[PDB]
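Source file: data.cif (mmCIF, C-alpha atoms and all ligand atoms; chains and numbers go by the auth columns)
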```cif
data_my_file
#
loop_
_atom_site.group_PDB
_atom_site.id
_atom_site.type_symbol
_atom_site.label_atom_id
_atom_site.label_comp_id
_atom_site.label_asym_id
_atom_site.label_seq_id
_atom_site.Cartn_x
_atom_site.Cartn_y
_atom_site.Cartn_z
_atom_site.B_iso_or_equiv
_atom_site.auth_seq_id
_atom_site.auth_asym_id
ATOM 1 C CA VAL A 1 -29.226 4.806 13.586 0.00 1 X
ATOM 2 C CA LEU A 2 -27.711 6.711 16.437 0.00 2 X
ATOM 3 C CA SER A 3 -29.819 9.210 18.313 0.00 3 X
ATOM 4 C CA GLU A 4 -28.950 12.907 18.524 0.00 4 X
ATOM 5 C CA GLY A 5 -27.893 12.312 22.174 0.00 5 X
ATOM 6 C CA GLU A 6 -25.627 9.501 21.094 0.00 6 X
ATOM 7 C CA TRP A 7 -23.969 11.666 18.495 0.00 7 X
ATOM 8 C CA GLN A 8 -23.485 14.407 21.019 0.00 8 X
ATOM 9 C CA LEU A 9 -21.668 12.039 23.332 0.00 9 X
ATOM 10 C CA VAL A 10 -19.460 10.798 20.519 0.00 10 X
ATOM 11 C CA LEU A 11 -18.608 14.392 19.438 0.00 11 X
ATOM 12 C CA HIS A 12 -17.992 15.482 22.997 0.00 12 X
ATOM 13 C CA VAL A 13 -15.270 12.845 23.630 0.00 13 X
ATOM 14 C CA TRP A 14 -13.979 13.449 20.111 0.00 14 X
ATOM 15 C CA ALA A 15 -13.319 17.060 20.974 0.00 15 X
ATOM 16 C CA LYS A 16 -11.030 15.814 23.788 0.00 16 X
ATOM 17 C CA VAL A 17 -9.234 13.520 21.281 0.00 17 X
ATOM 18 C CA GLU A 18 -8.634 16.595 19.075 0.00 18 X
ATOM 19 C CA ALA A 19 -6.617 18.288 21.798 0.00 19 X
ATOM 20 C CA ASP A 20 -3.882 15.819 21.010 0.00 20 X
ATOM 21 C CA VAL A 21 -4.636 13.993 17.768 0.00 21 X
ATOM 22 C CA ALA A 22 -1.009 12.767 17.390 0.00 22 X
ATOM 23 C CA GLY A 23 -0.812 11.185 20.873 0.00 23 X
ATOM 24 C CA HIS A 24 -4.153 9.464 20.516 0.00 24 X
ATOM 25 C CA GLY A 25 -3.151 8.185 17.050 0.00 25 X
ATOM 26 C CA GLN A 26 0.117 6.722 18.399 0.00 26 X
ATOM 27 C CA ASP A 27 -1.613 5.033 21.287 0.00 27 X
ATOM 28 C CA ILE A 28 -4.347 3.542 19.105 0.00 28 X
ATOM 29 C CA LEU A 29 -1.918 2.107 16.525 0.00 29 X
ATOM 30 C CA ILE A 30 0.417 0.835 19.248 0.00 30 X
ATOM 31 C CA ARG A 31 -2.473 -0.879 21.014 0.00 31 X
ATOM 32 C CA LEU A 32 -3.658 -2.382 17.728 0.00 32 X
ATOM 33 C CA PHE A 33 -0.175 -3.677 16.871 0.00 33 X
ATOM 34 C CA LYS A 34 0.279 -5.045 20.419 0.00 34 X
ATOM 35 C CA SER A 35 -3.144 -6.598 20.888 0.00 35 X
ATOM 36 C CA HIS A 36 -3.238 -8.065 17.330 0.00 36 X
ATOM 37 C CA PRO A 37 0.331 -8.382 15.920 0.00 37 X
ATOM 38 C CA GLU A 38 -0.736 -9.737 12.483 0.00 38 X
ATOM 39 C CA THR A 39 -2.117 -6.272 11.748 0.00 39 X
ATOM 40 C CA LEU A 40 1.373 -4.825 11.742 0.00 40 X
ATOM 41 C CA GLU A 41 2.150 -7.083 8.879 0.00 41 X
ATOM 42 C CA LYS A 42 -0.212 -4.932 6.727 0.00 42 X
ATOM 43 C CA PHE A 43 2.136 -1.905 7.158 0.00 43 X
ATOM 44 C CA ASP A 44 5.265 -2.552 5.199 0.00 44 X
ATOM 45 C CA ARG A 45 6.851 0.806 6.359 0.00 45 X
ATOM 46 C CA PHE A 46 6.251 0.084 10.096 0.00 46 X
ATOM 47 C CA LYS A 47 6.549 -3.721 10.332 0.00 47 X
ATOM 48 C CA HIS A 48 10.236 -3.355 11.429 0.00 48 X
ATOM 49 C CA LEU A 49 9.409 -1.301 14.525 0.00 49 X
ATOM 50 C CA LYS A 50 9.817 -3.708 17.486 0.00 50 X
ATOM 51 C CA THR A 51 9.333 -1.836 20.750 0.00 51 X
ATOM 52 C CA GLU A 52 6.715 0.580 21.979 0.00 52 X
ATOM 53 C CA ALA A 53 9.425 3.245 22.260 0.00 53 X
ATOM 54 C CA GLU A 54 10.524 2.698 18.687 0.00 54 X
ATOM 55 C CA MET A 55 6.867 3.010 17.680 0.00 55 X
ATOM 56 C CA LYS A 56 6.434 6.239 19.687 0.00 56 X
ATOM 57 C CA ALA A 57 9.664 7.683 18.135 0.00 57 X
ATOM 58 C CA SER A 58 8.528 6.990 14.565 0.00 58 X
ATOM 59 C CA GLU A 59 7.455 10.264 13.022 0.00 59 X
ATOM 60 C CA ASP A 60 6.103 8.350 9.995 0.00 60 X
ATOM 61 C CA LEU A 61 3.873 6.330 12.323 0.00 61 X
ATOM 62 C CA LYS A 62 2.812 9.444 14.181 0.00 62 X
ATOM 63 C CA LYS A 63 1.846 11.204 10.925 0.00 63 X
ATOM 64 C CA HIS A 64 -0.120 8.157 9.813 0.00 64 X
ATOM 65 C CA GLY A 65 -2.049 8.136 13.065 0.00 65 X
ATOM 66 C CA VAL A 66 -3.113 11.748 12.472 0.00 66 X
ATOM 67 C CA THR A 67 -4.234 10.869 8.955 0.00 67 X
ATOM 68 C CA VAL A 68 -6.346 7.975 10.301 0.00 68 X
ATOM 69 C CA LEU A 69 -7.957 10.005 13.063 0.00 69 X
ATOM 70 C CA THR A 70 -8.555 12.970 10.815 0.00 70 X
ATOM 71 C CA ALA A 71 -10.520 10.854 8.330 0.00 71 X
ATOM 72 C CA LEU A 72 -12.421 9.180 11.175 0.00 72 X
ATOM 73 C CA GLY A 73 -13.240 12.553 12.824 0.00 73 X
ATOM 74 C CA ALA A 74 -14.601 13.838 9.542 0.00 74 X
ATOM 75 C CA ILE A 75 -16.831 10.807 9.219 0.00 75 X
ATOM 76 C CA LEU A 76 -18.024 11.063 12.889 0.00 76 X
ATOM 77 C CA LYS A 77 -18.886 14.795 12.363 0.00 77 X
ATOM 78 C CA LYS A 78 -21.289 13.854 9.576 0.00 78 X
ATOM 79 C CA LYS A 79 -23.433 12.050 12.136 0.00 79 X
ATOM 80 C CA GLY A 80 -24.464 9.245 9.881 0.00 80 X
ATOM 81 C CA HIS A 81 -24.474 11.132 6.565 0.00 81 X
ATOM 82 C CA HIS A 82 -21.000 9.915 5.593 0.00 82 X
ATOM 83 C CA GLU A 83 -21.211 8.068 2.259 0.00 83 X
ATOM 84 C CA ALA A 84 -18.984 10.488 0.390 0.00 84 X
ATOM 85 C CA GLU A 85 -16.374 10.439 3.194 0.00 85 X
ATOM 86 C CA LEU A 86 -16.376 6.750 3.829 0.00 86 X
ATOM 87 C CA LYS A 87 -16.508 5.379 0.351 0.00 87 X
ATOM 88 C CA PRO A 88 -12.932 6.376 -0.705 0.00 88 X
ATOM 89 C CA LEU A 89 -11.653 4.768 2.482 0.00 89 X
ATOM 90 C CA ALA A 90 -13.553 1.605 1.716 0.00 90 X
ATOM 91 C CA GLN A 91 -12.104 1.584 -1.841 0.00 91 X
ATOM 92 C CA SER A 92 -8.502 1.930 -0.799 0.00 92 X
ATOM 93 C CA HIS A 93 -8.819 -0.524 2.112 0.00 93 X
ATOM 94 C CA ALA A 94 -10.419 -3.125 -0.196 0.00 94 X
ATOM 95 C CA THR A 95 -8.412 -2.622 -3.375 0.00 95 X
ATOM 96 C CA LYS A 96 -4.971 -1.580 -2.157 0.00 96 X
ATOM 97 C CA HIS A 97 -4.418 -2.271 1.537 0.00 97 X
ATOM 98 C CA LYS A 98 -6.536 -5.450 1.804 0.00 98 X
ATOM 99 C CA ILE A 99 -7.961 -5.083 5.229 0.00 99 X
ATOM 100 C CA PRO A 100 -10.374 -7.601 6.451 0.00 100 X
ATOM 101 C CA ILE A 101 -13.410 -6.563 8.476 0.00 101 X
ATOM 102 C CA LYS A 102 -12.003 -8.450 11.476 0.00 102 X
ATOM 103 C CA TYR A 103 -9.013 -6.022 11.402 0.00 103 X
ATOM 104 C CA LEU A 104 -11.500 -3.132 11.373 0.00 104 X
ATOM 105 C CA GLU A 105 -13.067 -4.685 14.499 0.00 105 X
ATOM 106 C CA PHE A 106 -9.561 -4.835 16.080 0.00 106 X
ATOM 107 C CA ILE A 107 -8.829 -1.100 15.518 0.00 107 X
ATOM 108 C CA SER A 108 -12.362 -0.253 16.749 0.00 108 X
ATOM 109 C CA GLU A 109 -11.478 -2.056 20.021 0.00 109 X
ATOM 110 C CA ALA A 110 -8.135 -0.155 20.134 0.00 110 X
ATOM 111 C CA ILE A 111 -10.044 3.210 19.731 0.00 111 X
ATOM 112 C CA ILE A 112 -12.403 2.322 22.563 0.00 112 X
ATOM 113 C CA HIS A 113 -9.600 1.185 24.748 0.00 113 X
ATOM 114 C CA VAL A 114 -7.585 4.392 24.243 0.00 114 X
ATOM 115 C CA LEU A 115 -10.517 6.773 24.694 0.00 115 X
ATOM 116 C CA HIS A 116 -11.427 4.984 27.865 0.00 116 X
ATOM 117 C CA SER A 117 -7.785 5.087 29.163 0.00 117 X
ATOM 118 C CA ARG A 118 -7.426 8.832 28.498 0.00 118 X
ATOM 119 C CA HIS A 119 -10.969 10.206 29.066 0.00 119 X
ATOM 120 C CA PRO A 120 -12.801 7.991 31.548 0.00 120 X
ATOM 121 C CA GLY A 121 -15.023 10.776 32.849 0.00 121 X
ATOM 122 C CA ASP A 122 -16.194 11.546 29.245 0.00 122 X
ATOM 123 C CA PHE A 123 -16.263 7.950 28.141 0.00 123 X
ATOM 124 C CA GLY A 124 -18.694 6.270 30.518 0.00 124 X
ATOM 125 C CA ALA A 125 -21.048 3.460 29.485 0.00 125 X
ATOM 126 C CA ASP A 126 -23.290 5.885 27.697 0.00 126 X
ATOM 127 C CA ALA A 127 -20.460 7.396 25.522 0.00 127 X
ATOM 128 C CA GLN A 128 -18.783 4.057 25.043 0.00 128 X
ATOM 129 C CA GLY A 129 -22.065 2.576 23.765 0.00 129 X
ATOM 130 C CA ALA A 130 -22.508 5.540 21.362 0.00 130 X
ATOM 131 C CA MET A 131 -18.986 5.312 19.986 0.00 131 X
ATOM 132 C CA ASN A 132 -19.357 1.532 19.608 0.00 132 X
ATOM 133 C CA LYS A 133 -22.536 2.119 17.635 0.00 133 X
ATOM 134 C CA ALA A 134 -20.879 4.635 15.354 0.00 134 X
ATOM 135 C CA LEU A 135 -17.895 2.410 14.605 0.00 135 X
ATOM 136 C CA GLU A 136 -20.225 -0.544 14.091 0.00 136 X
ATOM 137 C CA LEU A 137 -22.169 1.473 11.552 0.00 137 X
ATOM 138 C CA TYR A 138 -18.944 2.387 9.664 0.00 138 X
ATOM 139 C CA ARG A 139 -17.870 -1.267 9.696 0.00 139 X
ATOM 140 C CA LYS A 140 -21.287 -2.290 8.248 0.00 140 X
ATOM 141 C CA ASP A 141 -21.034 0.339 5.522 0.00 141 X
ATOM 142 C CA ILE A 142 -17.422 -0.467 4.714 0.00 142 X
ATOM 143 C CA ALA A 143 -18.273 -4.156 4.369 0.00 143 X
ATOM 144 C CA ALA A 144 -21.089 -3.482 1.811 0.00 144 X
ATOM 145 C CA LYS A 145 -18.666 -1.397 -0.133 0.00 145 X
ATOM 146 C CA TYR A 146 -15.981 -4.111 0.049 0.00 146 X
ATOM 147 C CA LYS A 147 -18.422 -6.607 -1.516 0.00 147 X
ATOM 148 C CA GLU A 148 -19.519 -4.109 -4.245 0.00 148 X
ATOM 149 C CA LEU A 149 -15.836 -3.955 -5.132 0.00 149 X
ATOM 150 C CA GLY A 150 -15.459 -7.804 -5.162 0.00 150 X
ATOM 151 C CA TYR A 151 -13.352 -7.891 -1.963 0.00 151 X
ATOM 152 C CA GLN A 152 -14.550 -10.638 0.339 0.00 152 X
ATOM 153 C CA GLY A 153 -12.026 -9.934 3.185 0.00 153 X
HETATM 154 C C1 LIG B . -10.859 3.480 11.631 0.00 201 N
HETATM 155 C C2 LIG B . -10.302 2.689 10.721 0.00 201 N
HETATM 156 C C3 LIG B . -9.453 3.189 9.662 0.00 201 N
HETATM 157 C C4 LIG B . -9.345 4.425 9.101 0.00 201 N
HETATM 158 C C5 LIG B . -10.268 5.596 9.372 0.00 201 N
HETATM 159 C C6 LIG B . -8.292 4.382 8.217 0.00 201 N
HETATM 160 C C7 LIG B . -7.885 5.461 7.413 0.00 201 N
HETATM 161 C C8 LIG B . -6.778 5.470 6.569 0.00 201 N
HETATM 162 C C9 LIG B . -6.409 6.581 5.779 0.00 201 N
HETATM 163 C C10 LIG B . -7.144 7.899 5.704 0.00 201 N
HETATM 164 C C11 LIG B . -5.318 6.212 5.066 0.00 201 N
HETATM 165 C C12 LIG B . -4.577 7.051 4.067 0.00 201 N
HETATM 166 C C13 LIG B . -5.407 7.074 2.782 0.00 201 N
HETATM 167 C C14 LIG B . -5.688 5.724 2.199 0.00 201 N
HETATM 168 O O1 LIG B . -4.712 5.007 1.840 0.00 201 N
HETATM 169 O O2 LIG B . -6.881 5.358 2.138 0.00 201 N
HETATM 170 C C15 LIG B . -5.043 4.872 5.393 0.00 201 N
HETATM 171 C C16 LIG B . -3.983 4.172 4.919 0.00 201 N
HETATM 172 C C17 LIG B . -3.782 2.895 5.361 0.00 201 N
HETATM 173 N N1 LIG B . -4.547 2.090 6.160 0.00 201 N
HETATM 174 FE FE1 LIG B . -6.100 2.575 7.136 0.00 201 N
HETATM 175 N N2 LIG B . -7.750 3.130 8.276 0.00 201 N
HETATM 176 C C18 LIG B . -8.380 2.365 9.137 0.00 201 N
HETATM 177 C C19 LIG B . -8.177 0.992 9.497 0.00 201 N
HETATM 178 C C20 LIG B . -7.110 0.259 8.992 0.00 201 N
HETATM 179 C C21 LIG B . -6.616 -0.909 9.488 0.00 201 N
HETATM 180 C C22 LIG B . -7.314 -1.685 10.571 0.00 201 N
HETATM 181 C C23 LIG B . -5.474 -1.249 8.797 0.00 201 N
HETATM 182 C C24 LIG B . -4.590 -2.439 8.960 0.00 201 N
HETATM 183 C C25 LIG B . -4.831 -3.360 9.900 0.00 201 N
HETATM 184 C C26 LIG B . -5.269 -0.224 7.861 0.00 201 N
HETATM 185 C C27 LIG B . -4.177 -0.172 7.014 0.00 201 N
HETATM 186 C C28 LIG B . -3.835 0.952 6.266 0.00 201 N
HETATM 187 C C29 LIG B . -2.616 0.978 5.421 0.00 201 N
HETATM 188 C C30 LIG B . -1.547 -0.085 5.155 0.00 201 N
HETATM 189 C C31 LIG B . -2.597 2.193 4.886 0.00 201 N
HETATM 190 C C32 LIG B . -1.548 2.743 3.987 0.00 201 N
HETATM 191 C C33 LIG B . -0.477 3.190 5.029 0.00 201 N
HETATM 192 C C34 LIG B . 0.651 4.005 4.435 0.00 201 N
HETATM 193 O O3 LIG B . 1.505 3.388 3.789 0.00 201 N
HETATM 194 O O4 LIG B . 0.796 5.248 4.597 0.00 201 N
HETATM 195 N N3 LIG B . -6.256 0.762 8.043 0.00 201 N
HETATM 196 N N4 LIG B . -5.919 4.398 6.334 0.00 201 N
#
```
Can you present the structure in this file as structure tokens?
Ligand code: HEM
Amino acid sequence: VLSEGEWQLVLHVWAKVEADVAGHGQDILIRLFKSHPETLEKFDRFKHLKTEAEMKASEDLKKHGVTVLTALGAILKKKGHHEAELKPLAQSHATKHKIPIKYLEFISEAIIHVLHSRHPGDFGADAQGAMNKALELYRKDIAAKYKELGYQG
């Protein structure tokens, strides 16, 4: 359970992310695809993009990044009261997209890395630690849902 102070730090850096949701979404997905190339193989509409510039020029990819961050922002804003928001995401990611928890750890790392690259002054150890706790909590919840649905990825 995050503290109120921890949530405030998370929401404070998240407000900076919201000044350019598209750019942050691009960078996060690009980082994910570059740090962990097998993850690209789960996106059949992007798996042909080969260079960082091609990835940045993809409007489809850019739109998807906004969709991802928008869902995640909505969950973060619930400050731990997120079952109704998170459960549909768990269901699709288990049933349709087939995304193992280890890939959720990869994109969590990509989030941290981007927020730290763009907002160092608002993403010190304190805020990093809070955001890591939030994402950890979502990964724990998603996993219980995955199992309820019979998905052992
Ligand atoms: C913070 C973590 C994540 C969030 C918040 C998130 C959110 C979303 C959302 C909202 C959608 C559109 C609705 C849906 O299909 O459920 C989506 C689609 C998708 N997600 Fe995720 N996702 C996350 C992590 C992952 C990861 C790690 C992968 C793959 C490694 C993945 C693969 C996909 C795929 C393939 C789609 C469908 C893409 C499309 O064809 O438009 N997601 N995701």
If the limit is 10 Å from any atom of ligand LIG 201 (chain N), counting all atoms listed in the file, which residues qualify? Return them as a compact mmCIF listing (two decimals) with C-alpha atoms, in the coordinates of the input.
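Output file selection_35.txt follows:
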```txt
# COMPACT_ATOMS: atom_id res chain seq x y z
CA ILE X 28 -4.35 3.54 19.10
CA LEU X 29 -1.92 2.11 16.52
CA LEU X 32 -3.66 -2.38 17.73
CA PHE X 33 -0.18 -3.68 16.87
CA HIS X 36 -3.24 -8.06 17.33
CA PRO X 37 0.33 -8.38 15.92
CA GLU X 38 -0.74 -9.74 12.48
CA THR X 39 -2.12 -6.27 11.75
CA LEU X 40 1.37 -4.82 11.74
CA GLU X 41 2.15 -7.08 8.88
CA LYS X 42 -0.21 -4.93 6.73
CA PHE X 43 2.14 -1.90 7.16
CA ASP X 44 5.26 -2.55 5.20
CA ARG X 45 6.85 0.81 6.36
CA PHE X 46 6.25 0.08 10.10
CA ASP X 60 6.10 8.35 9.99
CA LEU X 61 3.87 6.33 12.32
CA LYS X 63 1.85 11.20 10.92
CA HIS X 64 -0.12 8.16 9.81
CA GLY X 65 -2.05 8.14 13.06
CA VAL X 66 -3.11 11.75 12.47
CA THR X 67 -4.23 10.87 8.96
CA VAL X 68 -6.35 7.98 10.30
CA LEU X 69 -7.96 10.01 13.06
CA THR X 70 -8.56 12.97 10.82
CA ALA X 71 -10.52 10.85 8.33
CA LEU X 72 -12.42 9.18 11.18
CA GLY X 73 -13.24 12.55 12.82
CA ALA X 74 -14.60 13.84 9.54
CA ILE X 75 -16.83 10.81 9.22
CA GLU X 85 -16.37 10.44 3.19
CA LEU X 86 -16.38 6.75 3.83
CA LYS X 87 -16.51 5.38 0.35
CA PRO X 88 -12.93 6.38 -0.70
CA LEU X 89 -11.65 4.77 2.48
CA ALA X 90 -13.55 1.60 1.72
CA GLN X 91 -12.10 1.58 -1.84
CA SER X 92 -8.50 1.93 -0.80
CA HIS X 93 -8.82 -0.52 2.11
CA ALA X 94 -10.42 -3.12 -0.20
CA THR X 95 -8.41 -2.62 -3.38
CA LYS X 96 -4.97 -1.58 -2.16
CA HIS X 97 -4.42 -2.27 1.54
CA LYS X 98 -6.54 -5.45 1.80
CA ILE X 99 -7.96 -5.08 5.23
CA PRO X 100 -10.37 -7.60 6.45
CA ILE X 101 -13.41 -6.56 8.48
CA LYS X 102 -12.00 -8.45 11.48
CA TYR X 103 -9.01 -6.02 11.40
CA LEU X 104 -11.50 -3.13 11.37
CA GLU X 105 -13.07 -4.68 14.50
CA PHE X 106 -9.56 -4.84 16.08
CA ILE X 107 -8.83 -1.10 15.52
CA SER X 108 -12.36 -0.25 16.75
CA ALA X 110 -8.14 -0.16 20.13
CA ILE X 111 -10.04 3.21 19.73
CA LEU X 135 -17.90 2.41 14.60
CA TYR X 138 -18.94 2.39 9.66
CA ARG X 139 -17.87 -1.27 9.70
CA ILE X 142 -17.42 -0.47 4.71
```
Report summary line: In terms of all atoms listed in the file, the residue from X:56, X:145, X:119, X:81 at minimal distance from residue 27 of chain X is X:56
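Distance annotation: of X:121, X:15, X:83, X:58, the residue with the minimal separation from residue 144 of chain X is X:83; atom set is only C-alpha atoms.
Taking atom CA of residue 13 of chain X as the reference point, atom CA of residue 113 of chain X is found at 13.0 Å.
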Report task. Just say which residues the PyMOL selection byres (((chain X and resi 123-131) around 8) and not hetatm) picks in this file, as a ChimeraX atom specification. Result -> /X:2,6-7,9-10,13,112,115-116,119-122,132-135
Go ahead and write the selection's residues with C-alpha atoms as a tab-separated table (two decimals), in the coordinates of the input.
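What follows is the written file again-v7.tsv:
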```
chain	number	residue	atom	x	y	z
X	2	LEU	CA	-27.71	6.71	16.44
X	6	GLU	CA	-25.63	9.50	21.09
X	7	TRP	CA	-23.97	11.67	18.50
X	9	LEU	CA	-21.67	12.04	23.33
X	10	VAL	CA	-19.46	10.80	20.52
X	13	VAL	CA	-15.27	12.84	23.63
X	112	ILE	CA	-12.40	2.32	22.56
X	115	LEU	CA	-10.52	6.77	24.69
X	116	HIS	CA	-11.43	4.98	27.86
X	119	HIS	CA	-10.97	10.21	29.07
X	120	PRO	CA	-12.80	7.99	31.55
X	121	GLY	CA	-15.02	10.78	32.85
X	122	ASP	CA	-16.19	11.55	29.24
X	132	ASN	CA	-19.36	1.53	19.61
X	133	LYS	CA	-22.54	2.12	17.64
X	134	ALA	CA	-20.88	4.64	15.35
X	135	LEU	CA	-17.90	2.41	14.60
```
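Across the structure, atom CA of residue 30 of chain X and atom CA of residue 147 of chain X are spaced 29.0 Å apart.
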Query raised in the report: From the list X:78, X:118, X:48, X:31, which residue is nearest residue 8 of chain X when using all atoms listed in the file?
Result: X:78
Report summary line: Computed gap from atom CA of residue 18 of chain X to atom CA of residue 109 of chain X is 18.9 Å
Query raised in the report: Of the candidates X:117, X:136, X:19, X:55, which one gets nearest to residue 80 of chain X if we count only C-alpha atoms?
Result: X:136
Where is the centre and how long are the edges: axis-aligned box on segment 126-142 of chain X, 4 Å on each side, Å to one decimal, as AutoDock Vina command-line options:
```
--center_x -20.4 --center_y 2.6 --center_z 16.2 --size_x 13.9 --size_y 17.7 --size_z 31.0
```
Requested in this report: List the residues sitting within 6 Å of (5.1, -5.1, 18.8) in the file's frame, using all atoms listed in the file, as a PyMOL selection string.
Outcome: chain X and resi 33-34+50-51
Supply segment 50-66 of chain X as a CSV table (one decimal), in the coordinates of the input, with N, CA, C and O atoms built in where the input has gaps.
```csv
chain,number,residue,atom,x,y,z
X,50,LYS,N,9.9,-2.6,16.6
X,50,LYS,CA,9.8,-3.7,17.5
X,50,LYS,C,9.4,-3.4,18.9
X,50,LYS,O,8.9,-4.4,19.6
X,51,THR,N,9.7,-2.2,19.4
X,51,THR,CA,9.3,-1.8,20.8
X,51,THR,C,8.4,-0.7,20.7
X,51,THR,O,8.3,0.1,19.7
X,52,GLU,N,7.7,-0.5,21.8
X,52,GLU,CA,6.7,0.6,22.0
X,52,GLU,C,7.4,1.9,21.8
X,52,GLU,O,6.9,2.8,21.2
X,53,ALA,N,8.6,2.0,22.4
X,53,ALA,CA,9.4,3.2,22.3
X,53,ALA,C,9.9,3.6,20.8
X,53,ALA,O,10.0,4.8,20.4
X,54,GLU,N,10.2,2.5,20.1
X,54,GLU,CA,10.5,2.7,18.7
X,54,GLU,C,9.3,3.2,18.0
X,54,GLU,O,9.3,4.0,17.1
X,55,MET,N,8.1,2.6,18.3
X,55,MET,CA,6.9,3.0,17.7
X,55,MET,C,6.5,4.5,18.0
X,55,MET,O,6.2,5.3,17.1
X,56,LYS,N,6.6,4.9,19.2
X,56,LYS,CA,6.4,6.2,19.7
X,56,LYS,C,7.4,7.2,19.0
X,56,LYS,O,7.1,8.4,18.8
X,57,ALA,N,8.6,6.8,18.7
X,57,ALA,CA,9.7,7.7,18.1
X,57,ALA,C,9.5,7.8,16.6
X,57,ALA,O,10.1,8.7,16.0
X,58,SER,N,8.7,6.9,16.0
X,58,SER,CA,8.5,7.0,14.6
X,58,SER,C,7.7,8.2,14.2
X,58,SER,O,6.4,8.1,14.3
X,59,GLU,N,8.2,9.2,13.5
X,59,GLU,CA,7.5,10.3,13.0
X,59,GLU,C,6.5,9.8,11.9
X,59,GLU,O,5.4,10.4,11.8
X,60,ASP,N,6.9,8.9,11.1
X,60,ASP,CA,6.1,8.4,10.0
X,60,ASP,C,4.8,7.7,10.6
X,60,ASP,O,3.7,8.0,10.2
X,61,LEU,N,5.0,7.0,11.7
X,61,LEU,CA,3.9,6.3,12.3
X,61,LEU,C,3.0,7.4,12.9
X,61,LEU,O,1.7,7.3,12.8
X,62,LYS,N,3.6,8.4,13.6
X,62,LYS,CA,2.8,9.4,14.2
X,62,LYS,C,2.0,10.2,13.2
X,62,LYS,O,0.8,10.5,13.4
X,63,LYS,N,2.6,10.6,12.0
X,63,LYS,CA,1.8,11.2,10.9
X,63,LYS,C,0.7,10.3,10.4
X,63,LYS,O,-0.4,10.8,10.2
X,64,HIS,N,0.9,9.0,10.3
X,64,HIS,CA,-0.1,8.2,9.8
X,64,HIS,C,-1.3,8.1,10.8
X,64,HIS,O,-2.5,8.2,10.4
X,65,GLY,N,-1.0,8.1,12.1
X,65,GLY,CA,-2.0,8.1,13.1
X,65,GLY,C,-2.9,9.4,12.9
X,65,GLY,O,-4.1,9.3,13.1
X,66,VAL,N,-2.3,10.5,12.7
X,66,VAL,CA,-3.1,11.7,12.5
X,66,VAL,C,-4.0,11.7,11.2
X,66,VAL,O,-5.2,12.1,11.3
```
